[PDB]
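**Student:** this block holds the first chain(s) of the complex, placed as they are in the complex; more will follow:
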Amino acid sequence: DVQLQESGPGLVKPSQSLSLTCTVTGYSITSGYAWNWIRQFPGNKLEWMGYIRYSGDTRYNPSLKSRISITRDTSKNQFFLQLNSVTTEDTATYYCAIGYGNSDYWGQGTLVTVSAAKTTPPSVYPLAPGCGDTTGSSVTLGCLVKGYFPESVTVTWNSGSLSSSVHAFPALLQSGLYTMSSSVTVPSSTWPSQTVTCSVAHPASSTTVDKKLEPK
């Protein structure tokens, strides 16, 4: 019943410093194991950064020396990662984990973007079907979120209610800005009678938009 959980800034400017916090639960940082910090670059390449032993001593990847510092707080039961002088190359998903033998434990992971680009909320647009021309057995609505940054936006259809027959697509970075979309297919009878709303949340700019798809 071990639980790991990364936590951090999300967005940080070049040459600045990064501070991540891994909170462990259901087990002590002192009892045993090696506590690792692992990062996955966009492209999926995996890199072992370093660890802190339960004894408190450390080991670092030779390419992160001088910039890295893994430490902990036995009273809080959590270790930390500090990377200073971050470049864009340090953009990735950061994980903390321990594990030996037929098992291990990882945190959900935390995305950290290293860019000078400014935070920008999203523009959410409804995507209804063309006027008179869609009446098969199933209709398809959509939602388009664009102009936001940094990455990480949460979209749900009818606040979780609609889950089947939906497809959210991976955001794309076009000129320092993100575009992302999602479609939802239902039977022709459902819409536009029953309300179908598109829920969109962008944390890095604390914005929550709700757009119901209305017939053209």
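**Tutor:** Now that the structure is in, tell me what you want to look at. Numbers count the residues shown, from 1 in each chain, chains lettered A, B, ... in the order given.

**Student:** could you check how far residue A:66 is from residue A:3?
**Tutor:** Remark: distance between residue A:66 and residue A:3 (Cβ to Cβ, to the nearest Å) = 32 Å. (Each C-beta comes from the backbone N, C-alpha and C, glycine too.)

**Student:** ok, residue A:86 next?
**Tutor:** Residue A:86 is 27 Å from residue A:3, by Cβ to Cβ.

**Student:** more neighbours: the two, which one.
**Tutor:** Neighbours per residue (other Cβ atoms under 10 Å) separate residue A:86 from residue A:3, with residue A:86 holding more: 18 against 11.

**Student:** residue A:47 reaches residue A:39, doesn't it?
**Tutor:** Yes. The criterion here is Cβ atoms under 8 Å, and residue A:47 meets it with residue A:39 at 5.3 Å.

**Student:** contacting residues around residue A:129?
**Tutor:** A:139-141, A:216 (Cβ atoms under 8 Å, 6 or more residues apart in numbering).

**Student:** shouldn't residue A:24 be in contact with residue A:77?
**Tutor:** Yes. Using Cβ under 8 Å, residue A:24 is in contact with residue A:77, at 5.5 Å.

**Student:** give the pairing partners of the helix or strand where residue A:144 lies; include direction for each.
**Tutor:** Using DSSP states H and E, residue A:144 maps to strand A:138-148. Strand A:138-148 has its sheet partners listed here by DSSP bridges as strand A:123-127 (antiparallel), strand A:178-187 (antiparallel).

**Student:** slot chain B in:
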Amino acid sequence: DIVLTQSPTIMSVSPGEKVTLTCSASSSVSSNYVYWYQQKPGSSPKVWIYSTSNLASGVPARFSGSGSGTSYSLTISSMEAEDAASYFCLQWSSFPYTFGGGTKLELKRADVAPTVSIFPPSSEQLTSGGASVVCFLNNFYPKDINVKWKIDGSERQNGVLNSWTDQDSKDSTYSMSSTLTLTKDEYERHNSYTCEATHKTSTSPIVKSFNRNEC
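**Tutor:** If we add chain B to the chains shown above, we get the following:
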């Protein structure tokens, strides 16, 4: 600092078939310190095989590892839908610890034709002085597919943002979204927009289109 080279990098496998992933090290390593991880989209890696050949907890009997010296390999008896994922190998027999590039495995299925939908811009984006035409191509396979945009029958390739989902875990299909962004300026200077899709499931292109006229 040992470089772990993995292959194949990507591969499609039919259910029931046998597949063998490989991991080559630039220098010999202790068989005891060679792990294998499986990573499903949007989830963190999980230990799959430890010490070259020992199955981890929860791992199905069909998986199996082996290897020694400078060559290690993972093997699947008969492929399954759920075995579709990325597989990395790790070596911690020498500092620093290094992973391999990974091998993605896609599950081959029966061909299926895409269901295409097209959408004109919305009032709101127009008000902003911008126009985006969106086209969704849902539930298809193979993954290779071409998409062309035609504005007034003329082919436009600039300002096209494509994005794919991953092989669906429910039907092993893919889905794509194509977006064309233009200035409200250029959107009004033309009348017909067409999303033309060319897939294997047919000789003729699947097309959807609308006219600013009819609205």
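
**Student:** again for the contacts of residue A:129, since chain B is there now?
**Tutor:** If a contact means Cβ atoms under 8 Å, 6 or more residues apart in numbering or on different chains, then residue A:129 has A:139-141, A:216, B:117, B:119 as its contacts.

**Student:** then residue B:174?
**Tutor:** B:139-141, B:143, B:164-168.

**Student:** out of those, who's near chain A?
**Tutor:** Among those, the ones lying near chain A by Cβ under 8 Å from any Cβ of the partner chain are B:164-165.

**Student:** state the distance from residue B:192 to chain A.
**Tutor:** Using Cβ to the nearest Cβ, to the nearest Å, residue B:192 is found at 12 Å from chain A.

**Student:** that residue and residue B:149 touch, don't they?
**Tutor:** No. Judged on Cβ under 8 Å, residue B:192 makes no contact with residue B:149 at a distance of 11.2 Å.

**Student:** and the contacts of residue A:129, which is closest to residue A:117?
**Tutor:** residue B:119 (28.4 Å; Cβ to Cβ).

**Student:** which residues touch the residue positioned nearest the centre of chain B?
**Tutor:** Nearest to the mean C-alpha position of chain B, by Cα atoms, centre = their mean, lies residue B:166 at 4.4 Å. By Cβ under 8 Å, 6+ apart, residue B:166 lies in contact with B:41, B:174.

**Student:** next: residue B:15.
**Tutor:** By Cβ under 8 Å, 6+ apart, the residues touching residue B:15 are B:78-81, B:107-108.

**Student:** outline the domain layout of chain A.
**Tutor:** With domains defined by curated CATH domains, chain A comprises A:1-116, A:117-215.

**Student:** ditto for chain B
**Tutor:** Taken from curated CATH domains, chain B resolves into B:1-109, B:110-212.
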